[PDB]
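Chemist: below you'll find the sequence and an experimental structure to go with it.
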There are 2 protein chains.
Amino acid sequence: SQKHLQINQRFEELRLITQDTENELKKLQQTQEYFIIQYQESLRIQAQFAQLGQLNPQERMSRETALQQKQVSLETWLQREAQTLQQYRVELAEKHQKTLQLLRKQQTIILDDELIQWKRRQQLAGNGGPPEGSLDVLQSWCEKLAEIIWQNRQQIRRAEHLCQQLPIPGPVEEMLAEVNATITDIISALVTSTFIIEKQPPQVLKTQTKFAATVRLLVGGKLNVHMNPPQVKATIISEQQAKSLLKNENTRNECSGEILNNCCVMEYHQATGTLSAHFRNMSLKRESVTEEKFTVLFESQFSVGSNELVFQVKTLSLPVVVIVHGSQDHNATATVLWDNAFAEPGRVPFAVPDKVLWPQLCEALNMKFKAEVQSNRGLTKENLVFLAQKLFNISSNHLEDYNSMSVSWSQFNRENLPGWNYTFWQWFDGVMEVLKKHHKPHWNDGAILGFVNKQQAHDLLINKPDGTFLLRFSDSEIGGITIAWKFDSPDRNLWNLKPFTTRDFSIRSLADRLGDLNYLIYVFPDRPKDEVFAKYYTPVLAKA
Amino acid sequence: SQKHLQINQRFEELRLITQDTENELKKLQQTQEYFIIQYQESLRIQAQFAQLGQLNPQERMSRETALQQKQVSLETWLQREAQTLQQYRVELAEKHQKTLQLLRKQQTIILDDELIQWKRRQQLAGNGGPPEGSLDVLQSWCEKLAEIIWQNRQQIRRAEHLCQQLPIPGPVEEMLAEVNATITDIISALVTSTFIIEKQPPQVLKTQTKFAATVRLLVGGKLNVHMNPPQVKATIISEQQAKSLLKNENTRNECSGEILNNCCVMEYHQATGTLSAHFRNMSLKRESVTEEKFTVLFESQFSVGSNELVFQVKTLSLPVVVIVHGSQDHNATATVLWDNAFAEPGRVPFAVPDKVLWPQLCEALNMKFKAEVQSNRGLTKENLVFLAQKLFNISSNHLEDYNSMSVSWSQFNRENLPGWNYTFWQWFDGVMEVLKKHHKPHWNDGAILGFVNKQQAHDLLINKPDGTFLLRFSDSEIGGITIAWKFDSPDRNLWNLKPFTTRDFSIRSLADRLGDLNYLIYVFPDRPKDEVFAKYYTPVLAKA
């Protein structure tokens, strides 16, 4: 790693720049401490004038002398060191000005690039993108950040203590107040933005279903919150409300969503430093219902340090679709897909696009596809087209054509496809559903060609040996696969039988179904049937 | 170490007893969490009765059935587990009852024996007793204590959270409130009694003199105070007032002593865990003055943990004698001596004895003597007697006689000794003073016999060779040594010359003074002069 082993320096600079500011602070405080006993040694040999009243002749005239002379030297040191004391003080305040600037840099890079990114990594994991990865790498980052910021805090707080104990009419009250002004901005940043959802709630949940979330606070380790673990409170909130929550005009109470059976205590795992909070059993109650976005809000409150600073952290869950149904996991699961894929960075809670360029839908589709069917046999160059053709209802036969096209939400899952009484997503969903339902092996196995129309089925087979067939996703019927084969006295309606859905496949399996049919001789490319299915045929204590 | 490597177990028991109470706590909270979703599964299949209103014929009569049956079983589990939940709850409360009892034991041993003892070790160090030793061994103790008490704190605080979230009319509110009642008593103990003076202020100080103290808080390491270091405020207070401060009837403000130039911020040394506070430059202002005890009070305030508990620690300095003088370090230094030696454990601030049995004054005298003259040539059996005879003004010639005698303060430093116009302490003081002033080497060296009266001088020498002499502490004169020798035409007033004090020994040294006199031939026991002083004669670029 390069860009990471860059912040490991930006840190150890911060370490040493921080490690010398209290090296100044300390001696600059020896200064004060000494200067103060001089201020006083002065006052001492001064009220010594008011006490020369016990006065011999020559000698207590002539010690007015040694006294006045010891002042002339003192008041000189005292005046001379006053400006030493003011200067050093300024030096050190603009030294903080400096360490902070670099710290605001690190903070920014950590929080706005690193975390934002691990966050989207998660978001895309929603549509079965690659796993976020362990938070551990960022925590180290953040506690390292919290450690070095919180020092510099107690550092200028000692500086206060000094200046507020020996006033020095100067530019210092400002610099101090300005420097103390930015260090509080840098903490609220740190604290709030590090209160994050580790394990995200189920994106499509149904009323009364046990689900979980794990929220953690990365800084909780260092600046000391573990000391008495705060309660984090879950509360389900509408999209409309998440908008109101952000531009802080609430009535911090309402929650277009209503109660859910869990709201738990945080818990520190010593020797990981992870201040987790696992909600391992929550529950729900209370232009469509299927397009209704809700978000689970996680709020917690607590004080940092011995006490002074006290915060209320808030964090919104990725969006969620609540379904009181039989099941339309399917329609919701789209509005979720589209949200996870296309969310703009910092969109005001649930601002999704309305249209999207085909090749971006493509990588969403593909990602969810592979994740769902659990193969890395993705939607190949051709596959993407079969789709583009289906979705767009146009002939254009090679992909790069669509690069500039645009799909509305409504052309994805509002408008039903030309032939049919289902949407594009409906179709594509039913594909992933039957596939991951019965035919998972058969996919990376290669057995089900799938993304082909009656015509392509017709061409790819006509000149092939007798019994050559393929498996094709039936637009024919609501989520199935038709078997098209070819035997020689065929037709322009050449041999293909009517679709099998999940029903058929439960009552009896495809591999078996294929194995009973004699005309079906080998699976498209050339390879014989037994070969590609005999693994999956069902036996008994049976015969020849 | 045996009695110490006993608490290292009593600790690791506490560790494991504590380490399993949250093992119960945790599962006893899985229980609750589950039981709660059952309470709810019950309510679920209950409002299912109010919703059978969509009711076919036979089948929604005959599902009133499966419903009532699913309750009969639920309500049974629910009743049955409620008592499981109540019982475990009690088990764990009386399990804390248990860990705390053992912890109150450890605490007690640590604080009241160990610390009290290291404390007296220090107090006696006042009279030059052996050094306290490093606090480090006790801190480990105390943070180990603070660590294991503070867990058990967050532990029952989780128990609250549970019972205060699922009420259970029972014996538990008590046990919890009783158990929580003792754990707060055990902390105030811990916090307050571990705020201690590491380096004690100078026991006899004069107005406007730079002095220092170091106060530390042993728990500051673990339970988290370092997080923003508190200010500790020094304030000089009378004996009279220390009495009022204890039986809390102050007007927390007054201080029969008045200001002193210092009041500083605490400071954590990471990787020692020591939360020190060094006052490395304070300063004083404002039936005798020489018997006036004052104490330096150190007070500090702060909150432990995230915040909840907040304390004000107080700690009193060993007593102090303020002198606005030329110098009577001497009289003060006695009233300090007698205070450090004889202080009863837990005396209401400055309750000193009035009389004391000789042999205990003896070990005080001896201790200070060796410390002061910096030799481990102590007051020998005989020496102690020479004194006892001097102090008591009686003939009794061997020590064990005095074992039962008693010396009043007034017979120590009020009544002047029979012959003289000085007290007993005055004498003994001036002995240590000239000794550590000029003759430190000569003491362990053996050169000055010292604790002998004119008569003993007379006997020990009469039959010795011509020029045999000794050095004898002159009651003769205010803080000196007379040289008694013997030459053969002598007298019953046999050869001894008048005392030399500090004056004489400055203007010219004893060794030199002895080396000029020819009649002085060898130093008592037998050994020749040059032998025992030629080390210490003064040269020049001189001759034969």
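Modeler: Perfect, thanks for sending it. Residues are numbered from 1 along each chain as shown, chains lettered A, B, ... in the order given.
Chemist: residue A:310 - nearest residue in space that isn't next to it in sequence?
Modeler: Leaving out its chain neighbours, the residue that sits closest to residue A:310 by CB to CB, 6 or more residues apart in numbering or on different chains is residue A:303, at 4.0 Å. No exception for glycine: its C-beta is placed from N, CA and C like everyone else's.
Chemist: also residue A:111?
Modeler: Residue A:111 sits nearest to residue A:193 (CB to CB, 6+ apart), 5.1 Å away.
Chemist: tell me how far residue A:500 lies from residue A:387.
Modeler: Counting by CB to CB, to the nearest Å, the separation of residue A:500 from residue A:387 is 22 Å.
Chemist: kindly apply the preceding question to residue A:125 instead.
Modeler: Separation of residue A:125 from residue A:387 (CB to CB) stands at 23 Å.
Chemist: if you count what's nearby, which of these two comes out ahead?
Modeler: Set residue A:125 next to residue A:387 and count neighbours by other CB atoms under 10 Å in any protein chain shown: residue A:387 wins out with 23 against 18.
Chemist: so who does the nearest residue to residue A:38 once chain neighbours are set aside touch?
Modeler: The shortest distance from residue A:38 to any non-neighbouring residue, by CB to CB, 6+ apart, is to residue A:78 (5.9 Å). By CB atoms under 8 Å, 6 or more residues apart in numbering or on different chains, the residues touching residue A:78 are A:35, A:38, A:39, A:42.
Chemist: swap the cut-off to 10 Å and go again
Modeler: A:35, A:38, A:39, A:41, A:42, A:71, A:85 (CB atoms under 10 Å, 6 or more residues apart in numbering or on different chains).
Chemist: now residue A:358
Modeler: Going by CB under 10 Å, 6+ apart, the list of residues near residue A:358 reads A:365, A:384, A:387-388, A:391-392, A:399, A:401-407.
Chemist: most remote residue from chain A's center?
Modeler: Going by CA atoms, centre = their mean, the residue of chain A most distant from its centre is residue A:57, 88.4 Å out.
Chemist: need the residues of the stretch 51-200 of chain A near chain B, please.
Modeler: Residues of the stretch 51-200 of chain A lying close to chain B by CB under 10 Å from any CB of the partner chain are A:150, A:153, A:154, A:157, A:158, A:161, A:162, A:165.
Chemist: out of these, which two are the most distant from each other?
Modeler: Greatest spacing in these, by CB to CB: A:150 and A:165 (22.6 Å).
Chemist: same drill for these two, tell me which one is more crowded.
Modeler: residue A:150 (23 against 12).
Chemist: give me the distance from the longest helix belonging to chain A to the chain's centre.
Modeler: As assigned by DSSP state H, the longest helix anywhere in chain A is helix A:62-108. Here helix A:62-108 is found 48 Å from its chain centre; the criterion is CA atoms, centre = their mean, to the nearest Å.
Chemist: for residue A:277, list the residues it contacts.
Modeler: Neighbour list for residue A:277: A:195, A:197-198, A:213-217, A:220, A:229-232, A:234, A:263-267, A:298, A:300 [criterion: CB under 10 Å, 6+ apart].
Chemist: mind doing that once more with 7 Å?
Modeler: A:214, A:215, A:216, A:232, A:264, A:266, A:267 (CB atoms under 7 Å, 6 or more residues apart in numbering or on different chains).
Chemist: just put those in TSV and tack on neighbour count.
Modeler: What follows is the contacts of residue A:277, written out as TSV (neighbours: other CB atoms under 10 Å in any protein chain shown):
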residue	neighbour count
A:214	16
A:215	26
A:216	24
A:232	25
A:264	22
A:266	21
A:267	17
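Chemist: spatially central residue in chain A, please.
Modeler: Taking CA atoms, centre = their mean, chain A has its central residue at residue A:119, 1.8 Å away.
Chemist: in the stretch 401-544 of chain A, which spans are helices?
Modeler: Using DSSP state H, counting those that start in this stretch, the helices of the stretch 401-544 of chain A run over A:409-413, A:424-438, A:440-445, A:454-462, A:502-507, A:510-516, A:529-533.
Chemist: for the fourth one, packing partners?
Modeler: Applying 3 or more CB pairs under 7 Å, 6 or more residues apart in numbering or on different chains; DSSP states H and E, we find helix A:454-462 packed against strand A:469-474.
Chemist: and the strand it packs on with helix A:454-462, angle?
Modeler: 180 degrees (axes from the mean of the first three to the mean of the last three CA atoms, to 10 degrees).
Chemist: any residues touching stretch A:238-247, and which ones?
Modeler: For stretch A:238-247, using CB under 7 Å, 6+ apart, the contacting residues are A:237, A:250, A:254-257, A:293-295, A:316, A:348-350.
Chemist: from the structure, what's the count of residues near the residue in chain A that chain B sits nearest to?
Modeler: As assessed by CB to the nearest CB, chain B sits closest to residue A:307 within chain A, at 3.8 Å. By other CB under 10 Å, 17 other residues sit near residue A:307.
Chemist: same question, the one 5 residues further on
Modeler: Other residues within reach of residue A:312, judged by other CB under 10 Å, total 13.
Chemist: wait, what's in contact with it?
Modeler: Contacts of residue A:312 (CB under 7 Å, 6+ apart): A:299, A:301.
Chemist: can I take it that it is in a helix?
Modeler: No - per DSSP: H, G, I helix; E, B strand; the rest coil, residue A:312 lies outside any helix segment and is strand.
Chemist: bridging residues for it?
Modeler: residue A:301 (DSSP bridges).
Chemist: tally of neighbours for the residue nearest to residue A:111?
Modeler: Quick note: residue A:193 (other CB under 10 Å) scores 19 neighbours.
Chemist: again with residue A:318
Modeler: 20.
Chemist: nearest residue to it other than its sequence neighbours?
Modeler: residue A:200 (5.4 Å).
Chemist: so what's that neighbour up against?
Modeler: Per CB under 7 Å, 6+ apart, neighbours of residue A:200: A:122, A:213, A:317, A:318.
Chemist: among the residues you listed, which two are most distant?
Modeler: A:122 and A:213 (12.4 Å).
Chemist: which of the residues in stretch A:422-436 are buried?
Modeler: Within stretch A:422-436, the residues scored as buried using 16 or more other CB atoms under 10 Å in any protein chain shown are A:422-436.
Chemist: dihedrals phi and psi, the spatially closest residue to residue A:84 that is not a sequence neighbour?
Modeler: Using CB to CB, 6+ apart and skipping residues adjacent in sequence, the residue nearest residue A:84 is residue A:31, 7.1 Å away. Here is the backbone geometry of residue A:31 (degrees, to the nearest 10): phi -40, psi -70.
Chemist: residue A:31 and residue B:462, how far apart?
Modeler: Relative to residue B:462, and taking CB to CB, residue A:31 is found at 68 Å.
Chemist: of the two, who's got more company?
Modeler: residue A:31 (16 against 12).
Chemist: I'd say the more buried one and residue A:85 touch.
Modeler: Yes - judged on CB atoms under 7 Å, residue A:31 makes contact with residue A:85 at a distance of 5.8 Å.
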